[PDB]
Structure formats: C-alpha cells, structure tokens
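Shown below: model_28.txt, with compact mmCIF, N, CA and C atoms.
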```txt
# COMPACT_ATOMS: atom_id res chain seq x y z
N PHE A 7 18.50 -19.45 -23.05
CA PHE A 7 17.24 -18.74 -22.84
C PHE A 7 16.21 -19.13 -23.89
N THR A 8 15.01 -19.48 -23.44
CA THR A 8 13.93 -19.89 -24.31
C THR A 8 12.82 -18.85 -24.27
N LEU A 9 12.01 -18.83 -25.34
CA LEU A 9 10.90 -17.88 -25.39
C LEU A 9 9.84 -18.20 -24.34
N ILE A 10 9.68 -19.48 -24.00
CA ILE A 10 8.74 -19.84 -22.94
C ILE A 10 9.22 -19.30 -21.60
N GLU A 11 10.54 -19.31 -21.37
CA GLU A 11 11.09 -18.74 -20.14
C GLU A 11 10.75 -17.26 -20.03
N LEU A 12 10.94 -16.51 -21.11
CA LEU A 12 10.70 -15.07 -21.09
C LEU A 12 9.21 -14.75 -21.04
N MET A 13 8.38 -15.55 -21.69
CA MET A 13 6.94 -15.31 -21.64
C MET A 13 6.38 -15.60 -20.26
N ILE A 14 6.89 -16.62 -19.57
CA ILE A 14 6.49 -16.86 -18.19
C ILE A 14 6.90 -15.68 -17.31
N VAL A 15 8.09 -15.13 -17.55
CA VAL A 15 8.54 -13.97 -16.78
C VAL A 15 7.62 -12.78 -17.03
N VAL A 16 7.24 -12.55 -18.29
CA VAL A 16 6.35 -11.44 -18.62
C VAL A 16 4.99 -11.64 -17.95
N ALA A 17 4.47 -12.87 -17.98
CA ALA A 17 3.18 -13.14 -17.35
C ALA A 17 3.24 -12.92 -15.85
N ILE A 18 4.33 -13.35 -15.20
CA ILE A 18 4.45 -13.16 -13.76
C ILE A 18 4.67 -11.69 -13.43
N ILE A 19 5.32 -10.94 -14.32
CA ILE A 19 5.45 -9.50 -14.12
C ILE A 19 4.08 -8.84 -14.16
N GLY A 20 3.26 -9.23 -15.13
CA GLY A 20 1.91 -8.68 -15.21
C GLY A 20 1.05 -9.07 -14.01
N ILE A 21 1.20 -10.31 -13.54
CA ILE A 21 0.43 -10.77 -12.39
C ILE A 21 0.88 -10.04 -11.12
N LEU A 22 2.19 -9.83 -10.98
CA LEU A 22 2.72 -9.13 -9.81
C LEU A 22 2.33 -7.67 -9.81
N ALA A 23 2.04 -7.11 -10.98
CA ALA A 23 1.39 -5.81 -11.07
C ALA A 23 -0.10 -6.02 -10.82
N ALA A 24 -0.92 -5.02 -11.14
CA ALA A 24 -2.37 -5.07 -11.00
C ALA A 24 -2.82 -5.24 -9.55
N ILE A 25 -1.91 -5.15 -8.59
CA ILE A 25 -2.29 -5.21 -7.18
C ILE A 25 -3.02 -3.93 -6.84
N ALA A 26 -4.28 -4.06 -6.43
CA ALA A 26 -5.11 -2.89 -6.16
C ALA A 26 -4.54 -2.10 -4.99
N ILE A 27 -4.47 -0.78 -5.16
CA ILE A 27 -3.98 0.13 -4.13
C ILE A 27 -5.19 0.85 -3.54
N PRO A 28 -5.56 0.58 -2.29
CA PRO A 28 -6.72 1.24 -1.70
C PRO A 28 -6.43 2.70 -1.39
N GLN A 29 -7.48 3.41 -0.99
CA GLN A 29 -7.35 4.81 -0.62
C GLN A 29 -6.50 4.95 0.64
N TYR A 30 -5.64 5.96 0.66
CA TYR A 30 -4.76 6.20 1.80
C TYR A 30 -4.75 7.64 2.29
N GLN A 31 -5.27 8.59 1.52
CA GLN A 31 -5.25 9.98 1.96
C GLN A 31 -6.20 10.21 3.14
N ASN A 32 -7.25 9.39 3.25
CA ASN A 32 -8.15 9.51 4.39
C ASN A 32 -7.43 9.22 5.70
N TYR A 33 -6.57 8.20 5.70
CA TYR A 33 -5.80 7.87 6.89
C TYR A 33 -4.89 9.02 7.29
N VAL A 34 -4.22 9.62 6.32
CA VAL A 34 -3.32 10.74 6.60
C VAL A 34 -4.10 11.93 7.13
N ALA A 35 -5.25 12.23 6.53
CA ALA A 35 -6.06 13.35 6.99
C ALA A 35 -6.56 13.12 8.42
N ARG A 36 -7.01 11.91 8.72
CA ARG A 36 -7.48 11.61 10.07
C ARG A 36 -6.35 11.71 11.08
N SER A 37 -5.16 11.21 10.73
CA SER A 37 -4.02 11.31 11.63
C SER A 37 -3.62 12.76 11.84
N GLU A 38 -3.67 13.58 10.78
CA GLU A 38 -3.36 15.00 10.92
C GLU A 38 -4.35 15.69 11.84
N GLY A 39 -5.64 15.39 11.70
CA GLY A 39 -6.62 15.97 12.59
C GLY A 39 -6.40 15.57 14.04
N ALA A 40 -6.12 14.28 14.27
CA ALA A 40 -5.85 13.82 15.62
C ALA A 40 -4.61 14.49 16.20
N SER A 41 -3.56 14.63 15.39
CA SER A 41 -2.34 15.28 15.86
C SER A 41 -2.58 16.74 16.21
N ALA A 42 -3.34 17.45 15.38
CA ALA A 42 -3.65 18.84 15.67
C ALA A 42 -4.46 18.97 16.96
N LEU A 43 -5.47 18.12 17.12
CA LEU A 43 -6.29 18.18 18.33
C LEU A 43 -5.46 17.87 19.57
N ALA A 44 -4.59 16.86 19.49
CA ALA A 44 -3.71 16.54 20.61
C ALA A 44 -2.69 17.64 20.87
N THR A 45 -2.33 18.41 19.84
CA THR A 45 -1.40 19.52 20.04
C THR A 45 -2.07 20.67 20.78
N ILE A 46 -3.30 21.03 20.38
CA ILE A 46 -3.95 22.20 20.98
C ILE A 46 -4.79 21.86 22.21
N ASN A 47 -5.01 20.59 22.51
CA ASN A 47 -5.79 20.23 23.69
C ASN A 47 -5.13 20.66 25.00
N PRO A 48 -3.84 20.42 25.25
CA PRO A 48 -3.26 20.85 26.53
C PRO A 48 -3.27 22.35 26.74
N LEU A 49 -3.41 23.15 25.68
CA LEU A 49 -3.47 24.60 25.84
C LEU A 49 -4.72 25.05 26.57
N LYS A 50 -5.75 24.19 26.65
CA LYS A 50 -6.92 24.51 27.46
C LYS A 50 -6.55 24.61 28.93
N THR A 51 -5.67 23.72 29.41
CA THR A 51 -5.25 23.77 30.80
C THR A 51 -4.51 25.06 31.12
N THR A 52 -3.63 25.50 30.22
CA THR A 52 -2.86 26.71 30.46
C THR A 52 -3.78 27.93 30.56
N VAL A 53 -4.71 28.07 29.62
CA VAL A 53 -5.60 29.23 29.61
C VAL A 53 -6.48 29.23 30.85
N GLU A 54 -7.08 28.08 31.18
CA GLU A 54 -7.97 28.01 32.33
C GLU A 54 -7.22 28.28 33.63
N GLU A 55 -6.02 27.71 33.78
CA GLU A 55 -5.24 27.95 34.99
C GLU A 55 -4.83 29.42 35.10
N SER A 56 -4.39 30.02 34.00
CA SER A 56 -3.99 31.43 34.05
C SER A 56 -5.17 32.33 34.38
N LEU A 57 -6.34 32.04 33.81
CA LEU A 57 -7.53 32.81 34.15
C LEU A 57 -7.94 32.61 35.60
N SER A 58 -7.75 31.40 36.13
CA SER A 58 -8.09 31.14 37.53
C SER A 58 -7.20 31.93 38.48
N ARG A 59 -5.92 32.08 38.13
CA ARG A 59 -4.98 32.80 38.98
C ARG A 59 -5.05 34.31 38.79
N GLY A 60 -5.91 34.80 37.91
CA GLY A 60 -6.10 36.22 37.72
C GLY A 60 -5.30 36.84 36.60
N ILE A 61 -4.47 36.07 35.90
CA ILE A 61 -3.72 36.62 34.78
C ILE A 61 -4.68 37.07 33.69
N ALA A 62 -4.46 38.28 33.18
CA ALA A 62 -5.34 38.83 32.16
C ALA A 62 -5.32 37.98 30.90
N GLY A 63 -6.48 37.88 30.25
CA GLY A 63 -6.57 37.07 29.05
C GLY A 63 -5.67 37.57 27.93
N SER A 64 -5.51 38.89 27.83
CA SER A 64 -4.62 39.46 26.83
C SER A 64 -3.16 39.15 27.11
N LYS A 65 -2.83 38.74 28.33
CA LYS A 65 -1.47 38.41 28.71
C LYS A 65 -1.13 36.94 28.49
N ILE A 66 -2.10 36.13 28.06
CA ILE A 66 -1.86 34.71 27.78
C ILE A 66 -1.49 34.61 26.30
N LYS A 67 -0.21 34.43 26.03
CA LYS A 67 0.31 34.35 24.67
C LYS A 67 0.93 32.98 24.43
N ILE A 68 1.41 32.78 23.21
CA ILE A 68 2.03 31.52 22.80
C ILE A 68 3.49 31.78 22.46
N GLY A 69 4.37 30.99 23.06
CA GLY A 69 5.79 31.14 22.82
C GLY A 69 6.58 30.47 23.92
N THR A 70 7.89 30.40 23.71
CA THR A 70 8.80 29.79 24.67
C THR A 70 9.39 30.80 25.64
N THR A 71 8.97 32.06 25.58
CA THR A 71 9.44 33.06 26.53
C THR A 71 9.04 32.67 27.94
N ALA A 72 9.96 32.85 28.89
CA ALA A 72 9.72 32.49 30.28
C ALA A 72 8.54 33.27 30.84
N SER A 73 7.50 32.55 31.28
CA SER A 73 6.32 33.20 31.82
C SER A 73 6.63 33.84 33.16
N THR A 74 6.20 35.09 33.33
CA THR A 74 6.41 35.83 34.56
C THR A 74 5.18 35.70 35.45
N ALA A 75 5.15 36.48 36.54
CA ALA A 75 4.00 36.43 37.44
C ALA A 75 2.76 37.06 36.82
N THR A 76 2.94 37.93 35.82
CA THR A 76 1.82 38.59 35.17
C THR A 76 1.55 38.09 33.76
N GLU A 77 2.55 37.54 33.08
CA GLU A 77 2.40 37.03 31.73
C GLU A 77 2.59 35.52 31.72
N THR A 78 1.81 34.83 30.90
CA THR A 78 1.88 33.38 30.77
C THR A 78 2.10 33.01 29.32
N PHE B 7 26.87 -26.07 -52.55
CA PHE B 7 26.26 -26.76 -51.42
C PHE B 7 26.54 -28.26 -51.49
N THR B 8 27.01 -28.81 -50.38
CA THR B 8 27.34 -30.23 -50.28
C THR B 8 26.37 -30.91 -49.33
N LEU B 9 26.23 -32.23 -49.51
CA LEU B 9 25.34 -32.99 -48.63
C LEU B 9 25.86 -33.03 -47.20
N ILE B 10 27.18 -33.00 -47.02
CA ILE B 10 27.73 -32.95 -45.67
C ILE B 10 27.37 -31.63 -45.00
N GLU B 11 27.35 -30.53 -45.76
CA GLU B 11 26.94 -29.24 -45.22
C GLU B 11 25.52 -29.30 -44.69
N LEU B 12 24.61 -29.87 -45.49
CA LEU B 12 23.20 -29.93 -45.10
C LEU B 12 22.96 -30.92 -43.98
N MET B 13 23.70 -32.04 -43.96
CA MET B 13 23.53 -33.00 -42.88
C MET B 13 24.05 -32.45 -41.56
N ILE B 14 25.14 -31.68 -41.58
CA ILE B 14 25.59 -31.01 -40.37
C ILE B 14 24.54 -30.02 -39.88
N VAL B 15 23.90 -29.30 -40.81
CA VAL B 15 22.84 -28.37 -40.43
C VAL B 15 21.67 -29.11 -39.80
N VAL B 16 21.29 -30.25 -40.37
CA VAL B 16 20.19 -31.04 -39.82
C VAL B 16 20.54 -31.55 -38.43
N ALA B 17 21.77 -32.03 -38.25
CA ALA B 17 22.20 -32.52 -36.95
C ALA B 17 22.19 -31.40 -35.91
N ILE B 18 22.66 -30.21 -36.28
CA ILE B 18 22.69 -29.10 -35.33
C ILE B 18 21.27 -28.61 -35.05
N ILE B 19 20.37 -28.72 -36.03
CA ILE B 19 18.96 -28.39 -35.79
C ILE B 19 18.37 -29.35 -34.76
N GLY B 20 18.66 -30.64 -34.91
CA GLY B 20 18.17 -31.61 -33.94
C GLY B 20 18.76 -31.41 -32.56
N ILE B 21 20.05 -31.06 -32.50
CA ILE B 21 20.71 -30.83 -31.22
C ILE B 21 20.16 -29.57 -30.56
N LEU B 22 19.90 -28.53 -31.34
CA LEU B 22 19.37 -27.28 -30.80
C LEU B 22 17.93 -27.46 -30.32
N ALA B 23 17.23 -28.44 -30.87
CA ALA B 23 15.96 -28.88 -30.30
C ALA B 23 16.27 -29.78 -29.10
N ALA B 24 15.28 -30.51 -28.61
CA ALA B 24 15.42 -31.45 -27.50
C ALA B 24 15.82 -30.77 -26.20
N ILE B 25 15.83 -29.44 -26.15
CA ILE B 25 16.11 -28.73 -24.91
C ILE B 25 14.93 -28.92 -23.98
N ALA B 26 15.18 -29.54 -22.83
CA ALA B 26 14.10 -29.85 -21.90
C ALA B 26 13.46 -28.58 -21.37
N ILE B 27 12.14 -28.55 -21.36
CA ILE B 27 11.36 -27.42 -20.86
C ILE B 27 10.79 -27.82 -19.50
N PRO B 28 11.27 -27.22 -18.41
CA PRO B 28 10.75 -27.59 -17.08
C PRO B 28 9.34 -27.06 -16.87
N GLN B 29 8.75 -27.48 -15.76
CA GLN B 29 7.41 -27.04 -15.40
C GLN B 29 7.42 -25.54 -15.09
N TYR B 30 6.38 -24.84 -15.55
CA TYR B 30 6.27 -23.40 -15.33
C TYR B 30 4.92 -22.95 -14.81
N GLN B 31 3.89 -23.79 -14.85
CA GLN B 31 2.58 -23.37 -14.35
C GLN B 31 2.57 -23.21 -12.84
N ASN B 32 3.45 -23.93 -12.13
CA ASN B 32 3.54 -23.77 -10.69
C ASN B 32 3.99 -22.36 -10.32
N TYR B 33 4.95 -21.82 -11.07
CA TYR B 33 5.42 -20.46 -10.82
C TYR B 33 4.29 -19.45 -11.01
N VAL B 34 3.52 -19.61 -12.09
CA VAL B 34 2.42 -18.70 -12.37
C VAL B 34 1.35 -18.80 -11.29
N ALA B 35 1.03 -20.02 -10.86
CA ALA B 35 0.03 -20.19 -9.81
C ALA B 35 0.48 -19.56 -8.50
N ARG B 36 1.75 -19.76 -8.13
CA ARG B 36 2.27 -19.17 -6.90
C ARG B 36 2.26 -17.64 -6.98
N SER B 37 2.65 -17.09 -8.13
CA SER B 37 2.62 -15.64 -8.28
C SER B 37 1.20 -15.10 -8.23
N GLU B 38 0.24 -15.83 -8.81
CA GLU B 38 -1.16 -15.41 -8.74
C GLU B 38 -1.66 -15.42 -7.31
N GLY B 39 -1.32 -16.45 -6.54
CA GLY B 39 -1.72 -16.49 -5.15
C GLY B 39 -1.12 -15.35 -4.35
N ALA B 40 0.17 -15.07 -4.56
CA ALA B 40 0.82 -13.96 -3.87
C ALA B 40 0.18 -12.63 -4.24
N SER B 41 -0.13 -12.44 -5.53
CA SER B 41 -0.76 -11.20 -5.97
C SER B 41 -2.14 -11.03 -5.35
N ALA B 42 -2.93 -12.11 -5.30
CA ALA B 42 -4.25 -12.02 -4.69
C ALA B 42 -4.15 -11.69 -3.21
N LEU B 43 -3.23 -12.35 -2.49
CA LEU B 43 -3.08 -12.08 -1.07
C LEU B 43 -2.63 -10.64 -0.83
N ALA B 44 -1.68 -10.15 -1.63
CA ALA B 44 -1.25 -8.76 -1.51
C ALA B 44 -2.34 -7.78 -1.90
N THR B 45 -3.27 -8.19 -2.76
CA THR B 45 -4.38 -7.31 -3.12
C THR B 45 -5.39 -7.20 -1.98
N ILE B 46 -5.74 -8.32 -1.34
CA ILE B 46 -6.77 -8.28 -0.31
C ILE B 46 -6.22 -8.04 1.09
N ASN B 47 -4.91 -8.08 1.28
CA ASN B 47 -4.34 -7.82 2.61
C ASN B 47 -4.61 -6.41 3.12
N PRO B 48 -4.40 -5.34 2.35
CA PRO B 48 -4.66 -4.00 2.90
C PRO B 48 -6.12 -3.75 3.26
N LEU B 49 -7.05 -4.54 2.72
CA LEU B 49 -8.45 -4.37 3.07
C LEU B 49 -8.73 -4.72 4.53
N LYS B 50 -7.83 -5.45 5.19
CA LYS B 50 -7.97 -5.69 6.62
C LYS B 50 -7.87 -4.39 7.40
N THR B 51 -6.97 -3.50 7.00
CA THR B 51 -6.83 -2.22 7.68
C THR B 51 -8.09 -1.38 7.56
N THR B 52 -8.70 -1.36 6.37
CA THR B 52 -9.90 -0.56 6.17
C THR B 52 -11.05 -1.05 7.05
N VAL B 53 -11.28 -2.37 7.07
CA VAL B 53 -12.38 -2.92 7.84
C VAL B 53 -12.16 -2.68 9.33
N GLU B 54 -10.95 -2.95 9.82
CA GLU B 54 -10.66 -2.78 11.24
C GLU B 54 -10.78 -1.32 11.66
N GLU B 55 -10.25 -0.41 10.84
CA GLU B 55 -10.35 1.01 11.18
C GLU B 55 -11.80 1.48 11.17
N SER B 56 -12.58 1.06 10.17
CA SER B 56 -13.98 1.48 10.11
C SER B 56 -14.76 0.94 11.30
N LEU B 57 -14.50 -0.31 11.69
CA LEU B 57 -15.17 -0.86 12.86
C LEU B 57 -14.73 -0.15 14.14
N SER B 58 -13.47 0.27 14.21
CA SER B 58 -12.99 0.98 15.39
C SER B 58 -13.67 2.34 15.53
N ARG B 59 -13.93 3.01 14.41
CA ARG B 59 -14.57 4.33 14.44
C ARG B 59 -16.08 4.25 14.57
N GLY B 60 -16.66 3.05 14.62
CA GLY B 60 -18.08 2.89 14.82
C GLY B 60 -18.90 2.71 13.56
N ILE B 61 -18.27 2.75 12.38
CA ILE B 61 -19.01 2.55 11.15
C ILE B 61 -19.58 1.13 11.13
N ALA B 62 -20.85 1.01 10.78
CA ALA B 62 -21.51 -0.28 10.76
C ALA B 62 -20.85 -1.21 9.75
N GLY B 63 -20.79 -2.50 10.10
CA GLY B 63 -20.17 -3.46 9.21
C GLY B 63 -20.87 -3.57 7.87
N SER B 64 -22.19 -3.44 7.87
CA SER B 64 -22.94 -3.47 6.62
C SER B 64 -22.66 -2.25 5.74
N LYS B 65 -22.10 -1.19 6.31
CA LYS B 65 -21.78 0.02 5.57
C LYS B 65 -20.38 0.00 4.98
N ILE B 66 -19.59 -1.04 5.25
CA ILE B 66 -18.25 -1.17 4.69
C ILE B 66 -18.38 -1.95 3.39
N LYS B 67 -18.30 -1.24 2.27
CA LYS B 67 -18.45 -1.83 0.95
C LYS B 67 -17.16 -1.65 0.16
N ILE B 68 -17.16 -2.18 -1.06
CA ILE B 68 -16.01 -2.12 -1.95
C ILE B 68 -16.38 -1.30 -3.18
N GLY B 69 -15.56 -0.31 -3.50
CA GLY B 69 -15.81 0.55 -4.64
C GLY B 69 -15.02 1.83 -4.51
N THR B 70 -15.05 2.60 -5.59
CA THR B 70 -14.35 3.88 -5.64
C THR B 70 -15.23 5.05 -5.24
N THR B 71 -16.47 4.80 -4.82
CA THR B 71 -17.34 5.87 -4.35
C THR B 71 -16.73 6.55 -3.13
N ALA B 72 -16.81 7.88 -3.10
CA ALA B 72 -16.24 8.65 -2.00
C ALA B 72 -16.87 8.26 -0.67
N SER B 73 -16.05 7.78 0.26
CA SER B 73 -16.55 7.36 1.56
C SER B 73 -17.00 8.57 2.37
N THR B 74 -18.19 8.47 2.96
CA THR B 74 -18.75 9.54 3.77
C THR B 74 -18.44 9.27 5.24
N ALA B 75 -19.04 10.07 6.13
CA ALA B 75 -18.81 9.88 7.56
C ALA B 75 -19.46 8.61 8.08
N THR B 76 -20.47 8.10 7.38
CA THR B 76 -21.18 6.89 7.80
C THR B 76 -20.87 5.68 6.94
N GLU B 77 -20.48 5.88 5.69
CA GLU B 77 -20.16 4.79 4.77
C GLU B 77 -18.68 4.81 4.43
N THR B 78 -18.08 3.63 4.31
CA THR B 78 -16.67 3.49 3.97
C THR B 78 -16.53 2.60 2.75
```
Before anything else, please render the file you have as structure tokens.
Amino acid sequence: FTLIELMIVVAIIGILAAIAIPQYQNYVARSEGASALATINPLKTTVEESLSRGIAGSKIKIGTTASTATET
Amino acid sequence: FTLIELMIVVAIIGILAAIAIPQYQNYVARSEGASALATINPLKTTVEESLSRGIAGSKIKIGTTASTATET
C-alpha cells in the first residue's frame, strides 16, 4: 500500500460525495394531494346517487356496514 | 555499527523504492464524470414534471429559492 494509492481513494471518495440532492418533499406532497383527491372523488357518485334515489342526506354515512334500502 | 549493516540498509532502501506507481488520473477523471452525471441526472425529473404541470420553461431555474405555483 502506497500513500498515493490512499490519497487517490480519498480524492475519489470526496468526488463521489458532493452529489447535489434536489428537493423531494414537493413530489411527496403533490402525490399525497393526488391520492387524497382520488380517494374522495368516487364518493361524489355515492352521495349523488343516494340523493337521487331519495335516501336522506343524514343517512349517507361512511363505513363498510352493508347499506340497506334506507341507509347508504 | 558495521559497514555491512549500513550497506544492507542502503540496499533495502533501494529495494523498498522502485515500486512502480500505475496511472491514477484516469480513475479520478472517471469518478468526476460519474459524479457530474449523477448530480445532473435528477434534474431531468424536475424539468419534465414542471413542463407536465404547465410551468413555463423559462420559469424553471436553478437555486434554493422556494418554488412557487408558477416558478420551479
């Protein structure tokens, strides 16, 4: 092992560092907003259809309970 | 101290020298190229995403300034 060998390794370590890391939280925030909008968008169909069929607005709830003829 | 002692030391000094040093600037240049490419590669995502969302190309700049809805 020579000192030139180790100094070249140190220089290449420094060069391999310093790689600029761009902003990434904006991408995550935008994806979260898109996911939320895509999650709550189909619920417009449920509310509108239930209101069209006469189901009371107070009877339109959120859950996995089996919807009856009066509750959705 | 004997002259044979010192001559053996001189011979071993000469032998410990003469160690061939291979080329090393090629490694540094290749690492620098890889580091530069890895630095500017993620900027493709930023430009493409900003163009997809309608941000004007002239509004896509480089810096740590907080990107607004119109500038990136």
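Atom N of residue B:75 lies 12.6 Å from atom N of residue B:57.
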6 Å contacts from chain B to chain A using all atoms listed in the file, as a ChimeraX atom specification: /B:37,41,44-45
Separation of atom CA of residue B:46 from atom CA of residue B:70 in Å: 15.3 Å
Separation of atom CA of residue A:69 from atom N of residue A:49 in Å: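 Going from atom N of residue A:49 over to atom CA of residue A:69, I get 12.5 Å.
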Could the centre and edge lengths of an axis-aligned box, enclosing all atoms of stretch 16-19 of chain A in the file with 5 Å extra on each side, be given in Å to one decimal as AutoDock Vina command-line options?
```
--center_x 5.2 --center_y -11.1 --center_z -16.0 --size_x 14.1 --size_y 14.5 --size_z 15.2
```
Backbone DSSP call of alpha helix (DSSP H) for stretch 42-77 of chain A, listed as a PyMOL selection string: chain A and resi 42-46+49-58
